[PDB]
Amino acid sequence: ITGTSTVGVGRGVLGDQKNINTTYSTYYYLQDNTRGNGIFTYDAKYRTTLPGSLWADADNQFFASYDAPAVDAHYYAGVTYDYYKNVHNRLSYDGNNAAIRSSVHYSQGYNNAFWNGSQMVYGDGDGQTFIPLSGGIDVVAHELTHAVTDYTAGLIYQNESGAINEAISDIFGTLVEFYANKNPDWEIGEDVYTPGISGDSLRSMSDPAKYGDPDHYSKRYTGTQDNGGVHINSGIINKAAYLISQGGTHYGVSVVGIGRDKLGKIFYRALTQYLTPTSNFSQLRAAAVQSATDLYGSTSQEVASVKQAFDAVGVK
């Protein structure tokens, strides 16, 4: 909409108060004019028609239960935008300040979220498996990272290419969570998953086998479900990214950690410079090794640690 930039206030899915950039024209809309070509949050009104209607509010206060998912989708899209801008000098997902659009209250009891090619979409969960999914900063960043991937490597969503695509979203979703610095960890979706169970999540990057996911190439899923195990074999890459950052000894192979910022730099460079739509794990190893070489030098600890991490997960 055309209007005046304003700042509203509400509460997110987890009861936390936060300010949100809005636009005033008769109503206050969830439209942040401060970030690129804007951040727009919509209400899917429990239907599956997208995007739905640009979120409108009479008084610029967003403290209703129904408001909560919108507040977070809007806010966390903005934090994710800041991350890519401040950390990687990337302007929105296309690198050209593309408008970022999100819809909440997608369908009824919908236990997922997604990038649809055009926008992020969030279910409300069924209240047992999930609460509204935009409540997880790593979930939001995960979904918006799919758009980054679409515009860069274009990793195809199947098999090894797709498991890399998934891992990239888990990796940057996690790095955004650390950037925002609110209860950061190496698990995925812990903030919105299973409101009746403490300390679980959908996936773990530090120990993927915790939730049934492979942590070594020998344990890769080779079947056809989940597009050839894209959310399953991502555990192999997530584990490598975790080791690169934090270090550790995994199946007897030792990795010296180089930290989250270097992990991000190396994987961001691999993603934007070397990965292609059909890149496999082995080609990802080469991309990451070359990326660390470009950044730190062929004889650097950083290159050695990337090599150790891929060795540790059996990716040569």
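All residue numbers refer to positions in the sequence shown, first residue = 1.
Trainee: Could you settle it for me: does 135-143 or 193-201 have the higher average Cα B factor in the PDB entry?
Mentor: 193-201 has the higher mean C-alpha B-factor.
Trainee: Could you check the entry and say whether 247-255 or 36-44 has the higher mean CA B-factor?
Mentor: On average, C-alpha B-factors are higher across 247-255.
Trainee: When the CA B-factors of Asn227, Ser103, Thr80, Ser234 are compared as recorded in the entry, which is the largest?
Mentor: The record points to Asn227.
Trainee: Looking at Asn86, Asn97, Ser169, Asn116, which has the highest Cα B-factor in the entry?
Mentor: Highest CA B-factor of the listed options: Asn86.
Trainee: Pull the Cα B-factor of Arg220 out of the PDB entry and bin it into the chain's lowest, middle or highest third.
Mentor: Highest third.
Trainee: Mind checking which third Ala180 falls in for C-alpha B-factor across the chain?
Mentor: For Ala180, whose C-alpha B-factor we compare with every modelled residue in the chain, the answer is the highest third.
Trainee: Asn21's Cα B-factor: lowest, middle or highest third of the chain?
Mentor: Answer is lowest: the recorded C-alpha B-factor places it there.
Trainee: Considering every modelled residue of the chain and its Cα B-factor in the PDB entry, is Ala58 in the lowest, middle or highest third?
Mentor: Ranked within chain, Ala58 CA B lands in the middle tercile.
Trainee: Could you place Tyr29 in the lowest, middle or highest third of its chain by Cα temperature factor, using the values in the record?
Mentor: Tercile = lowest for this residue's CA B-factor.
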